[PDB]
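Below is one structure, written out as C-alpha cells; comments come after it.
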Amino acid sequence: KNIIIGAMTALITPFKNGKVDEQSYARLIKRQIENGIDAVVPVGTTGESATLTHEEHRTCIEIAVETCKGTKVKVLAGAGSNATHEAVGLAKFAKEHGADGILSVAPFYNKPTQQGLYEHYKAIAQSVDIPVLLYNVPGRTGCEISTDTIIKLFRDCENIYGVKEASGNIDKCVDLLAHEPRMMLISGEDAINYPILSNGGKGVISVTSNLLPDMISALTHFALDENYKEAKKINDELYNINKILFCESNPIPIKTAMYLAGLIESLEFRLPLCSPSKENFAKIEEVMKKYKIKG
Amino acid sequence: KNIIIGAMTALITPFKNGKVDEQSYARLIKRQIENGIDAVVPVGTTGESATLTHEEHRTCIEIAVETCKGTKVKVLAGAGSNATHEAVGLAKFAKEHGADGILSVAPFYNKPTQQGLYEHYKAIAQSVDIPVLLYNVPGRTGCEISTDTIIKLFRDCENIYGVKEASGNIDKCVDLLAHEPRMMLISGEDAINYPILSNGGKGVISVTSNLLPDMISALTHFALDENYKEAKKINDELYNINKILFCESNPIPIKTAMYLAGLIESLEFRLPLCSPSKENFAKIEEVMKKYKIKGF
Amino acid sequence: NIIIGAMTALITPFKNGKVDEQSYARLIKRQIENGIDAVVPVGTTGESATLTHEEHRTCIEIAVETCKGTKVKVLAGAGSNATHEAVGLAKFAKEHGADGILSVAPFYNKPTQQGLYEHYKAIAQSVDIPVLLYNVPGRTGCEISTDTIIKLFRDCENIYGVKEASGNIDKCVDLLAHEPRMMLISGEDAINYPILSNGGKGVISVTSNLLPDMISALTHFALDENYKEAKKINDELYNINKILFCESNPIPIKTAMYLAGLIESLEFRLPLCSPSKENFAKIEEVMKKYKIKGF
Amino acid sequence: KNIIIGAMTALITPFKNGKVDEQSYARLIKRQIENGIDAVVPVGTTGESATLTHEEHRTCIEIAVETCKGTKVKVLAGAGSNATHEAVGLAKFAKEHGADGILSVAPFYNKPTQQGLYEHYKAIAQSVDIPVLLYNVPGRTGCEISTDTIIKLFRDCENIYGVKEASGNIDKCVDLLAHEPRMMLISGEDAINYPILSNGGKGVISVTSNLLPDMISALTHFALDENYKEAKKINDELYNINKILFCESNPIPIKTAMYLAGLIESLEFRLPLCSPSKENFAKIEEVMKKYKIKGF
Ligand SMILES: N[C@@H](CCCC[NH3+])C(=O)O
Ligand SMILES: N[C@@H](CCCC[NH3+])C(=O)O
Ligand SMILES: N[C@@H](CCCC[NH3+])C(=O)O
Ligand SMILES: N[C@@H](CCCC[NH3+])C(=O)O
C-alpha cells in the first residue's frame, strides 16, 4: 500500500485579526520544507481544526497542497470529524484537491463503539483512493481505537496504512507492530519520539517541529537510518522543550513559542483557546533560551 | 436569577431514511410533556448533536419550542460547541426562536484551559439574555470545568445559573453546593440522580426519561418535595435500566430501547454511531421487561 | 449482630518512637465524651502498617479497657494482605475483647475476586464477631467488586457490611439497591452525607479525631432522617474534610491534632513524615474556621 | 556505584503441602543459572513476598545465595516493606547472608509523600552498604516515586544505583535517563522489555524468565550488545506470553504455567492468591504450548 512516513509537522494555524493568515501559513510551510521535513499536516489538532470553518479548513488544505506542489514534501491533510459525513466530505475534498493522503482523527465527544469506529473509517477509506492514516488521541477524544480495530482496518482497507499514536502507551505500540509489522506506526507524542521509532515506528507527526524542524527532522532520519545513538541523543536533549510544550494544551504553548521566536506576528487564538497563564509563559521562554531556533 | 429546573429530558433524535423524523420527534416530545416533564433538551449528546447539521439542529429546536408552546414545559436548547463562535451562533438562534434557555457543553476535543473555559462561557452568556446551564462531561469532552470556574461563571454572569454535572463525582457536587448553595445543580448521570438531588440538586437532565418519563418525573418531584424515601425507592428500582442504557455509548442503548418499545419506527443512527451488538440488544430487551413503559 | 453509627479511625500518637498509651486513652475518652458510637484502633489512620504486634495489640487492649463499661464499641483493625496473618489478627482481636473487626482488602498482591472471597470467607469463619469489609482501592491496588461484597455478605453471617473509601457513589447505589440489608459505612469524610442519605448506616471518620461532636451529630441527624441538618454539617465540614487529605492520611490529621494541642508531639513513623511547610499553614488556617474540643 | 544489571528473574516460590519447597526452589534457580540469567530476585512480588513468613523470606534468599555461589549469577534480594524499620530489618539480613544487593518496593498502601519516600529509602540505603534498587510499581502500591525523588536518592545515597520500573510509562523512562544518565534503569514490565532497554535501560527483572529464561536472557544480552533488531524480534515474539502472564494477578499465571510445564510438583498458592479460573487455566496452557520450554 501507498504511504506517507518520516518526519512530519503538525502545522500551527496562525491567526491575524481573527482571520486565517494565509500569508504566514503558506510561508511557514516553506520554512518547514527548507528544513528537512518530509510532510506537513494542515489543520490537525495543532492547527485548531475545531475553531476553523469548513471553508477555512478547506482553504488551508488547498494552500498546503499548493505550497508544496513541485517539491519532495507531501501533504497529509487533517480531515477528521466526529460526524462521518463531514469526515468523508473533508476526505473527498483533499483527494479532489490533490493531497497525498489524510490524517483522520477518531470521532471525539460522541464516543462511538469499536464497531462504529470501524464503519466510520471504512466509509472514509472507501470514498477516496489516497493513503489514510488513523489518529488515536484518547485523551482528547474520549475514545480509543483498539489495536484489534486498528489492525482490522489496516487489513480490510486497502488505503488505511497506519496510525498516529498519541496515547502515551508504548505497550500498545509493541502490541501493534508485534501482530502487524506491515503497518506504519507514527509517533504523535514528541517526548517519546525515539522509543516509538526504536520499536519500528516509521515517522512522527510533531508539534515541536514547528519551532525546531531541524532537530526533529534529524532525529527521525537518524532513527530511520537506525543510528539509535544519535536519535536518542536528540530525543534526550529535546525532552525539556517537548514537555514544556504541553504545560497547557497544544497548540497553546507552541504558538506562544512561535510568537516569542518572531516566527509569527500575533499571539492570537480563537476561543475557547487563549494565551497561556503568565507562569507557563515564563516557563516556556526559559526553556526556549536553551535551544537554537532557526527562521 | 431566572432558572430552568425539575424533571428534564435529553431528547433522542429519531431518524427515518437518514433524515430527522420530525413528526415522530414532535410526538416523543408530547409524550414527555404529558408525563410530568418540566423541560426538554433538544439536541444534546443524547440527541446526536455531533452528527446533525446546523440546519437540522435548528429545526429540532423549532419543533421543540412549537410543541411545548402553551404548556409551561420549558425548552432548554442544546447549544454547546468546541468553538466559541459556533456556540454563540447556536445560543443566539435558540434565543431568537423561542428557547427558554440553553445547555452548553464544555468544549470537547480541544481541551481549553480553565481561563479559556471562562471566556468561552462568558462570551456565550453575554450573547443572549436567557438562562445558561453549564454542562460538564469530562469523559466525553476530555476536559473538566473545575468547581472554581463554575462558581466564578455563576457569580460573574447573571444568566449562568448552574451546571449539568455528568462526571460521577459526588465530592464535586458537595463541593459546588457547599460553596455556592444558590446555584442549580442538575444531575446528568441517571444512576445517581437521587444522591445528587438529596445533596441539594434541583433537577435532572435524563436519558432514562426518554423511556420512563413518568418514573424520572416522580423521582425528581419526590426529592424536590423532600420525600427522600420515595425518591430513593424509585432510584433503586431504576438502577438496572439506568446502567443498561450505557452498556454502550449513549444514545445507542436508549434509542434501541425506544425502538423495542415501539416508540420510534426504525433503529437508525448516523455514523460513527450505529446499532449495538446483538448481545447488548438482547440485554437491553431483557431489562426493559422489568418496567412499565408508558405508551403514547 | 452489627456495629454502626458514628465511628472514629483513631490516630496512633507517638512520643519518642513508642506509642504514647496515656495519650491514646485520653483521646479515646475524648471520643466517648463526644457521642462517638465506636472507635477503630489501628486502622490506616492508626498507621497499622508501621506498628508492631506488640503495639497493634497494646492499642486494641487500651481501646477495649477504655470503652469497657460504656456503650461505645471497638471495631479493631485486623486486615492484612496475607490471609494467615489476617486470620491471626482476627483471632487476636476477638480473644482480646474486640466487638468486631475491620478488614481491609489485601493490598499490594492484588488478589482475584475469587481470592478476595476465599480470603474474607476464611476470616469470617475463624471468628464469631461481626466483620466489616474495607474497600479502599486507591490504597490497596484492588477493589472488592459489588458482586463479591454481596456474595460475602450473603454467604457469611458475620460479614455485615463494607466501609467504602472509593469515592464512587454509583457503587453505593449499586450495593444498597441490590443488597439493602447490608451496612454500608462511609470511609470518605467529604461525602459522608450523600452515602448516609442513600441508606448508609455509619461513618468511619478521620475528621472525627478533631471534631468528634460534629461528625457524631451529622451521623445521628442522618440516622434520624433529619437530612436537612445532616447536610448542613456536611457542608460546613467540607473544607476541613478536604484539607485533611491535602497530604496522605494520617499526615494532615496528626498535624491538626498537634495544632489543636491534643497530642504531645508531631511524630510519625517512617515512611510517613511531617507535611510540607505549605500544607502546615493550610491545615492551621483551615482549622480556625472550627471550634475544637479540648479533653 | 556497585550495580546489579542484566537479565534477572523474579523467582516464583513453589509450595508443597503449605511449606516452601526448598529443594525445588534451588532446582529452579539452578535452571535459571544454566540458561544464562545474570541475577535472580528471591521473594519479590512474583515470589509471593506478601504471604511468606520472615523465616521463609530469609530462607529463600539463603538458598538463592548458596545456589549462585561459585557462579557469576548475582542475588538481588527482595527486601521491601511499607514500614521503614521492617525494610531496614529485611535489608540487614539480606546483606549479612550473602545477597549482592536488594530490591526495595515503594511503600505500599500507606502512600507516603515524596518527602517520606526519600527518607524511607535514605534510611534503608544508609543502614546497609549493599546496592539498593528502587522498585516503582504504582498499580500495586498506590504511590509513585517521582523522577525527581529517584534522582535525589541516587545522588544523595551512595548505594542506590537505579530503579525497577513497572509503571508502563516510557515518558518517565526518558525523563530519568535524560537528567541522570548514570541511572541503572531496569524493566519491570515484560511486555515493554525492549523499548526500555533501547532507551538506555541496563536490565530486566522478568516474570516470563521463570518459564523462558533463555529467551529473556537472549533478549537482554542482544539489547546490551546494541543488537536491537534481534532484541525487538524476541520481545515481539514474547508479547503474547508476556501479556497472558497477567490475565490474572502475577504470580498466578506464571505459577500455573510452571506447573503445566512440569517444572514444579504442585500448584499451591497461599491465600488470598489462588488457582485461576478453569478457563484462564486452559488459556495459560494454550499460550505456553506455543513456546519452547527448557527443562532441568
Ligand atoms: N468545531 C467543530 C466543527 C469543525 C468544522 C471543521 N473545521 C468541530 O470541532 O467538530
Ligand atoms: N460535528 C460538529 C458540528 C455539529 C453541528 C451541529 N451541532 C460537532 O460535533 O461539534
Ligand atoms: N507493615 C506490615 C506489617 C504490619 C504489622 C501489623 N499488622 C504490613 O502492613 O503488612
Ligand atoms: N504481609 C506482610 C508480610 C511481610 C513478611 C516478610 N515478607 C507484607 O507483605 O509486608
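Following the order of the C-alpha cells, first chain is A, next is B, and so on, with residues numbered from 1 inside each chain and ligands from 1 in the order they appear.
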
Same-sequence overlay, chain D on chain B, C-alpha least squares, as a tab-separated table (two decimals) with C-alpha atoms, in the first residue's frame:
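Result file follows (selection.tsv):
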chain	number	residue	atom	x	y	z
D	1	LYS	CA	-31.48	34.47	38.10
D	2	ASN	CA	-33.85	33.00	35.53
D	3	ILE	CA	-33.66	29.23	35.96
D	4	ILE	CA	-34.68	25.96	34.38
D	5	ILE	CA	-34.89	23.10	36.80
D	6	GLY	CA	-36.96	20.04	37.52
D	7	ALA	CA	-37.28	16.78	35.68
D	8	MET	CA	-35.77	17.13	32.21
D	9	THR	CA	-35.28	14.80	29.24
D	10	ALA	CA	-32.32	14.64	26.88
D	11	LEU	CA	-34.42	14.00	23.77
D	12	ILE	CA	-33.49	11.27	21.31
D	13	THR	CA	-33.51	12.28	17.65
D	14	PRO	CA	-35.29	9.58	15.62
D	15	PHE	CA	-34.24	9.07	12.00
D	16	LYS	CA	-36.35	7.72	9.16
D	17	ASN	CA	-34.47	7.24	5.88
D	18	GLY	CA	-31.44	9.26	6.98
D	19	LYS	CA	-33.53	12.34	7.78
D	20	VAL	CA	-34.78	13.62	11.13
D	21	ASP	CA	-38.29	12.27	11.68
D	22	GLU	CA	-39.89	15.62	12.51
D	23	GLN	CA	-43.34	14.19	13.23
D	24	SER	CA	-42.13	11.40	15.52
D	25	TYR	CA	-39.98	13.99	17.32
D	26	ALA	CA	-43.03	16.09	18.17
D	27	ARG	CA	-44.93	12.93	19.10
D	28	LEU	CA	-42.17	11.96	21.54
D	29	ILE	CA	-42.00	15.44	23.07
D	30	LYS	CA	-45.78	15.38	23.47
D	31	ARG	CA	-45.42	12.10	25.34
D	32	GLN	CA	-42.85	13.67	27.67
D	33	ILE	CA	-45.21	16.57	28.41
D	34	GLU	CA	-48.11	14.21	29.12
D	35	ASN	CA	-46.08	12.12	31.58
D	36	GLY	CA	-45.02	15.13	33.63
D	37	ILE	CA	-41.60	16.29	32.45
D	38	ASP	CA	-40.67	19.88	33.36
D	39	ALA	CA	-38.30	20.60	30.50
D	40	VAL	CA	-37.00	18.89	27.39
D	41	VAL	CA	-33.46	19.19	26.07
D	42	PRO	CA	-33.47	19.12	22.27
D	43	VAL	CA	-30.25	18.02	20.51
D	44	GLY	CA	-27.90	17.33	23.41
D	45	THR	CA	-25.56	14.34	23.56
D	46	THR	CA	-28.50	11.92	23.58
D	47	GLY	CA	-29.91	13.94	20.69
D	48	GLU	CA	-26.91	13.00	18.53
D	49	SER	CA	-25.90	16.66	18.33
D	50	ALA	CA	-22.60	15.59	16.76
D	51	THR	CA	-24.14	14.18	13.58
D	52	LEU	CA	-26.97	16.66	12.97
D	53	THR	CA	-26.52	19.53	10.54
D	54	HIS	CA	-27.15	23.13	11.61
D	55	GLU	CA	-30.47	23.05	9.75
D	56	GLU	CA	-31.63	19.96	11.66
D	57	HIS	CA	-30.24	21.23	14.97
D	58	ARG	CA	-32.30	24.40	14.66
D	59	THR	CA	-35.28	22.44	13.30
D	60	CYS	CA	-35.35	20.19	16.37
D	61	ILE	CA	-35.33	23.16	18.76
D	62	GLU	CA	-38.24	24.83	16.92
D	63	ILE	CA	-40.26	21.60	17.09
D	64	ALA	CA	-39.51	21.44	20.82
D	65	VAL	CA	-40.48	25.10	21.25
D	66	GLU	CA	-43.74	24.84	19.28
D	67	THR	CA	-44.80	21.57	20.92
D	68	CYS	CA	-44.17	22.97	24.41
D	69	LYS	CA	-46.06	26.18	23.64
D	70	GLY	CA	-49.31	26.39	25.59
D	71	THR	CA	-47.76	24.19	28.29
D	72	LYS	CA	-45.61	24.67	31.40
D	73	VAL	CA	-42.81	22.62	29.85
D	74	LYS	CA	-39.61	24.56	29.16
D	75	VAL	CA	-37.11	24.09	26.34
D	76	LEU	CA	-33.45	23.92	27.35
D	77	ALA	CA	-31.71	23.94	24.00
D	78	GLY	CA	-28.50	22.15	23.38
D	79	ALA	CA	-26.14	24.73	22.08
D	80	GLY	CA	-22.64	23.75	22.90
D	81	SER	CA	-19.59	23.68	20.69
D	82	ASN	CA	-15.83	23.44	21.17
D	83	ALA	CA	-15.54	26.66	19.21
D	84	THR	CA	-16.79	29.76	21.04
D	85	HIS	CA	-18.04	31.50	17.86
D	86	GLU	CA	-20.11	28.51	16.94
D	87	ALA	CA	-21.41	28.13	20.47
D	88	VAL	CA	-22.51	31.78	20.38
D	89	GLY	CA	-24.02	31.18	16.96
D	90	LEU	CA	-25.98	28.21	18.32
D	91	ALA	CA	-26.93	30.24	21.39
D	92	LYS	CA	-28.22	33.13	19.28
D	93	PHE	CA	-30.65	30.99	17.29
D	94	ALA	CA	-31.95	29.13	20.34
D	95	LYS	CA	-32.74	32.46	21.98
D	96	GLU	CA	-34.43	33.97	18.92
D	97	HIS	CA	-36.63	30.97	18.15
D	98	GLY	CA	-38.36	30.28	21.45
D	99	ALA	CA	-36.00	28.28	23.67
D	100	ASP	CA	-36.21	29.27	27.34
D	101	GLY	CA	-32.50	28.65	27.82
D	102	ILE	CA	-29.45	26.74	26.63
D	103	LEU	CA	-27.43	23.75	27.78
D	104	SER	CA	-23.81	24.35	26.75
D	105	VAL	CA	-21.27	21.52	26.94
D	106	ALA	CA	-17.66	22.18	27.92
D	107	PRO	CA	-15.51	22.45	24.81
D	108	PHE	CA	-14.60	18.98	23.84
D	109	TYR	CA	-11.41	17.71	22.32
D	110	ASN	CA	-9.49	20.95	22.40
D	111	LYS	CA	-9.04	21.02	26.15
D	112	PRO	CA	-9.10	24.69	26.94
D	113	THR	CA	-7.56	25.81	30.23
D	114	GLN	CA	-9.72	27.02	33.12
D	115	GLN	CA	-9.07	30.59	31.94
D	116	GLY	CA	-10.26	29.58	28.49
D	117	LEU	CA	-13.38	27.89	29.83
D	118	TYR	CA	-14.22	31.11	31.67
D	119	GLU	CA	-13.86	33.37	28.64
D	120	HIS	CA	-15.65	30.78	26.49
D	121	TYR	CA	-18.79	30.79	28.61
D	122	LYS	CA	-18.56	34.50	29.43
D	123	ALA	CA	-18.61	35.22	25.70
D	124	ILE	CA	-21.65	32.96	25.42
D	125	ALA	CA	-23.51	34.34	28.44
D	126	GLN	CA	-22.97	37.96	27.38
D	127	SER	CA	-24.04	37.44	23.76
D	128	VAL	CA	-27.51	36.07	24.49
D	129	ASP	CA	-29.74	36.98	27.45
D	130	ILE	CA	-31.42	33.63	28.10
D	131	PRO	CA	-30.40	31.30	30.99
D	132	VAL	CA	-27.29	29.18	30.39
D	133	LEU	CA	-26.67	25.82	32.05
D	134	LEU	CA	-23.08	24.59	32.04
D	135	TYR	CA	-22.49	20.96	31.10
D	136	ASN	CA	-19.57	19.19	32.74
D	137	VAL	CA	-18.95	15.78	31.14
D	138	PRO	CA	-15.15	15.21	31.24
D	139	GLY	CA	-15.31	11.59	30.03
D	140	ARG	CA	-16.60	12.87	26.70
D	141	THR	CA	-14.84	16.23	26.46
D	142	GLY	CA	-11.44	15.53	28.00
D	143	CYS	CA	-11.69	18.71	30.05
D	144	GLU	CA	-13.27	19.57	33.40
D	145	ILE	CA	-14.90	22.79	34.53
D	146	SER	CA	-13.43	23.20	38.01
D	147	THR	CA	-15.65	24.13	40.95
D	148	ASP	CA	-13.93	27.52	41.20
D	149	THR	CA	-14.44	28.16	37.48
D	150	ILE	CA	-18.14	27.29	37.69
D	151	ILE	CA	-18.65	29.66	40.62
D	152	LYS	CA	-16.77	32.50	38.89
D	153	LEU	CA	-19.03	32.16	35.85
D	154	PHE	CA	-22.10	32.01	38.09
D	155	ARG	CA	-21.04	35.18	39.89
D	156	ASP	CA	-19.70	37.25	36.99
D	157	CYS	CA	-22.32	36.29	34.40
D	158	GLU	CA	-25.94	37.10	35.22
D	159	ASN	CA	-27.54	34.40	33.06
D	160	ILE	CA	-25.39	31.40	34.02
D	161	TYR	CA	-27.50	29.69	36.68
D	162	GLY	CA	-25.95	26.25	37.23
D	163	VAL	CA	-24.31	23.11	35.86
D	164	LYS	CA	-25.37	19.72	34.55
D	165	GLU	CA	-22.91	17.43	36.20
D	166	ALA	CA	-22.11	14.13	34.52
D	167	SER	CA	-18.74	13.29	36.08
D	168	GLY	CA	-19.89	10.78	38.71
D	169	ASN	CA	-18.22	12.93	41.35
D	170	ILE	CA	-20.41	13.58	44.38
D	171	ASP	CA	-17.53	15.27	46.24
D	172	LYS	CA	-17.58	17.97	43.58
D	173	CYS	CA	-21.34	18.32	44.04
D	174	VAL	CA	-20.73	18.97	47.73
D	175	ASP	CA	-17.98	21.51	47.01
D	176	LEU	CA	-20.22	23.44	44.62
D	177	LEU	CA	-23.34	23.79	46.78
D	178	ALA	CA	-21.33	24.38	49.95
D	179	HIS	CA	-19.58	27.45	48.51
D	180	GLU	CA	-22.32	28.72	46.20
D	181	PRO	CA	-25.70	27.68	47.68
D	182	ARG	CA	-27.57	29.56	44.94
D	183	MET	CA	-26.22	27.09	42.38
D	184	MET	CA	-28.71	25.06	40.36
D	185	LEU	CA	-27.04	21.65	40.38
D	186	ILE	CA	-28.54	19.36	37.76
D	187	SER	CA	-27.86	15.62	37.63
D	188	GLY	CA	-26.53	14.44	34.27
D	189	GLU	CA	-25.93	10.88	35.44
D	190	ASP	CA	-29.13	8.85	35.80
D	191	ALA	CA	-27.67	6.26	38.16
D	192	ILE	CA	-26.95	8.95	40.76
D	193	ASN	CA	-30.05	11.09	40.28
D	194	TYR	CA	-31.14	10.73	43.90
D	195	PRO	CA	-27.81	11.33	45.68
D	196	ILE	CA	-27.33	14.54	43.68
D	197	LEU	CA	-30.87	15.73	44.41
D	198	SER	CA	-30.66	14.82	48.11
D	199	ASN	CA	-27.65	17.13	48.47
D	200	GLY	CA	-29.56	20.14	47.16
D	201	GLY	CA	-29.71	19.32	43.47
D	202	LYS	CA	-32.68	20.97	41.77
D	203	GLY	CA	-33.17	18.81	38.70
D	204	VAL	CA	-32.12	16.09	36.28
D	205	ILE	CA	-31.40	15.88	32.57
D	206	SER	CA	-32.20	12.22	32.00
D	207	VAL	CA	-31.52	9.68	29.28
D	208	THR	CA	-33.81	7.17	30.99
D	209	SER	CA	-36.80	9.57	30.90
D	210	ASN	CA	-37.07	9.02	27.14
D	211	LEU	CA	-38.29	5.51	27.97
D	212	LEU	CA	-39.72	6.03	31.46
D	213	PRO	CA	-40.67	9.71	31.79
D	214	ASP	CA	-43.21	9.04	34.55
D	215	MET	CA	-40.66	7.39	36.85
D	216	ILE	CA	-37.97	10.03	36.33
D	217	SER	CA	-40.45	12.88	36.82
D	218	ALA	CA	-41.87	11.14	39.89
D	219	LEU	CA	-38.34	10.71	41.26
D	220	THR	CA	-37.43	14.37	40.78
D	221	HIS	CA	-40.71	15.72	42.18
D	222	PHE	CA	-40.46	13.47	45.25
D	223	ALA	CA	-36.93	14.72	45.93
D	224	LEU	CA	-37.95	18.37	45.56
D	225	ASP	CA	-40.81	17.64	47.97
D	226	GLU	CA	-38.25	16.41	50.54
D	227	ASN	CA	-39.76	12.93	50.11
D	228	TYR	CA	-36.36	11.23	49.99
D	229	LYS	CA	-37.57	7.73	50.88
D	230	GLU	CA	-39.77	7.46	47.78
D	231	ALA	CA	-37.25	9.25	45.56
D	232	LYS	CA	-34.50	6.84	46.61
D	233	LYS	CA	-36.81	3.85	46.14
D	234	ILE	CA	-37.40	4.80	42.51
D	235	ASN	CA	-33.71	5.55	41.93
D	236	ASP	CA	-32.94	2.10	43.30
D	237	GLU	CA	-35.59	0.58	41.05
D	238	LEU	CA	-34.21	2.43	38.03
D	239	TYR	CA	-30.58	1.52	38.71
D	240	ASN	CA	-30.42	-1.41	36.31
D	241	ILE	CA	-32.06	0.39	33.40
D	242	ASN	CA	-29.95	3.47	34.18
D	243	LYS	CA	-26.83	1.31	33.91
D	244	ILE	CA	-27.62	-0.87	30.87
D	245	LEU	CA	-28.58	2.31	29.01
D	246	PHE	CA	-24.80	2.79	28.97
D	247	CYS	CA	-23.52	-0.71	28.14
D	248	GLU	CA	-22.74	0.99	24.86
D	249	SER	CA	-22.34	4.72	24.26
D	250	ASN	CA	-25.47	6.83	24.79
D	251	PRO	CA	-27.63	7.23	22.80
D	252	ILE	CA	-27.21	3.68	21.42
D	253	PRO	CA	-29.03	1.70	24.12
D	254	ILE	CA	-31.76	4.29	24.64
D	255	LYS	CA	-32.65	4.49	20.95
D	256	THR	CA	-32.64	0.69	20.82
D	257	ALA	CA	-35.04	0.51	23.75
D	258	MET	CA	-37.36	3.13	22.22
D	259	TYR	CA	-37.47	1.09	19.01
D	260	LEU	CA	-38.20	-2.18	20.79
D	261	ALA	CA	-40.96	-0.39	22.70
D	262	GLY	CA	-42.57	0.68	19.43
D	263	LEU	CA	-42.02	4.33	20.31
D	264	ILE	CA	-40.09	5.05	17.11
D	265	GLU	CA	-40.48	3.60	13.61
D	266	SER	CA	-36.91	2.58	12.78
D	267	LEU	CA	-33.60	2.09	14.56
D	268	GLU	CA	-31.37	4.39	12.51
D	269	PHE	CA	-28.21	6.10	13.72
D	270	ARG	CA	-25.85	8.37	11.85
D	271	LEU	CA	-22.28	7.08	11.80
D	272	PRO	CA	-19.97	6.78	13.70
D	273	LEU	CA	-22.87	5.63	15.88
D	274	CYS	CA	-24.52	2.35	14.90
D	275	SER	CA	-26.75	-0.52	15.95
D	276	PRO	CA	-25.51	-2.35	19.06
D	277	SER	CA	-24.09	-5.87	19.06
D	278	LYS	CA	-26.87	-8.43	18.67
D	279	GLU	CA	-26.14	-9.63	22.20
D	280	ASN	CA	-26.36	-6.12	23.68
D	281	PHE	CA	-29.55	-5.85	21.65
D	282	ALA	CA	-31.06	-8.76	23.57
D	283	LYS	CA	-29.67	-7.31	26.80
D	284	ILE	CA	-31.56	-4.05	26.29
D	285	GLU	CA	-34.77	-5.91	25.42
D	286	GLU	CA	-34.34	-8.01	28.57
D	287	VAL	CA	-33.94	-5.10	30.99
D	288	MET	CA	-36.64	-2.85	29.49
D	289	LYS	CA	-39.26	-5.61	29.72
D	290	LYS	CA	-38.74	-5.44	33.48
D	291	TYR	CA	-40.29	-1.97	33.52
D	292	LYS	CA	-43.72	-0.52	32.73
D	293	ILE	CA	-43.46	1.64	29.61
D	294	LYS	CA	-45.97	4.33	28.65
D	295	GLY	CA	-47.19	4.55	25.06
D	296	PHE	CA	-48.53	7.72	23.45

(request) Pick out the residues sitting within 7 Å of stretch 50-66 of chain C, and hand them over as a ChimeraX atom specification; count only C-alpha atoms, and ignore anything fewer than 3 positions along from it in its own chain. (result) /C:25,29,41-42,47,74,76,96-98,269 /D:83

(request) To one decimal in Å, tell me the separation between atom CA of residue C:167 and atom CA of residue C:108. (result)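 Atom-to-atom, atom CA of residue C:167 to atom CA of residue C:108, that is 19.9 Å.
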
Identify, on the basis of only C-alpha atoms, every residue whose closest approach to residue A:42 does not exceed 6 Å; exclude the query and any residue fewer than 6 positions from it along the same chain; express the result as a PDB file with N, CA, C and O atoms, in the first residue's frame.
ATOM      1  N   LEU A  11       1.214  21.460  11.451  1.00  0.00           N
ATOM      2  CA  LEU A  11       1.240  22.900  11.229  1.00  0.00           C
ATOM      3  C   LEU A  11       0.319  23.652  12.177  1.00  0.00           C
ATOM      4  O   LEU A  11      -0.860  23.318  12.306  1.00  0.00           O
ATOM      5  N   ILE A  61      -5.998  23.340   3.611  1.00  0.00           N
ATOM      6  CA  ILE A  61      -5.602  22.127   2.906  1.00  0.00           C
ATOM      7  C   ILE A  61      -5.132  22.486   1.506  1.00  0.00           C
ATOM      8  O   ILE A  61      -4.097  22.007   1.039  1.00  0.00           O
ATOM      9  N   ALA A  77      -3.369  15.731   4.816  1.00  0.00           N
ATOM     10  CA  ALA A  77      -4.458  16.634   5.161  1.00  0.00           C
ATOM     11  C   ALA A  77      -5.245  16.178   6.387  1.00  0.00           C
ATOM     12  O   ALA A  77      -5.731  15.050   6.441  1.00  0.00           O
ATOM     13  N   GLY A  78      -5.369  17.063   7.370  1.00  0.00           N
ATOM     14  CA  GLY A  78      -6.225  16.803   8.513  1.00  0.00           C
ATOM     15  C   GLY A  78      -7.674  16.813   8.069  1.00  0.00           C
ATOM     16  O   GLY A  78      -8.204  17.854   7.679  1.00  0.00           O
TER      17      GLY A  78
END

(message) With DSSP run on the backbone, what are the strand (DSSP E or B) residues within stretch 47-270 of chain C? I'd like them as a ChimeraX atom specification.
(response) /C:73-77,100-104,131-135,159-164,183-186,202-205

(request) When you get a sec, could you note down which chain C residues fall within 8 Å of chain D, using only C-alpha atoms, as a count of residues only? (result) 32

(message) Let me make sure I understand: among A:17, A:24, A:84, A:35, which one has the smallest atom-to-atom distance to chain B if we use only C-alpha atoms?
(response)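 Using only C-alpha atoms, the shortest distance to chain B belongs to A:84.
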
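Around ligand 1, the neighbouring residues within 6 Å, taking only C-alpha atoms and all ligand atoms, come to residues 49, 50, 51, 52, 53, 54, 57 and 81 of chain A; 82 and 83 of chain B.
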
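For the pair atom CA of residue A:150 and atom CA of residue A:64, the interatomic distance is 27.6 Å.
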
(request) Give me every alpha helix (DSSP H) residue in stretch 76-278 of chain C, going by DSSP on the backbone, as a PyMOL selection string. (result) chain C and resi 83-95+113-124+137-140+146-155+169-178+192-196+212-223+227-243+251-259+277-278
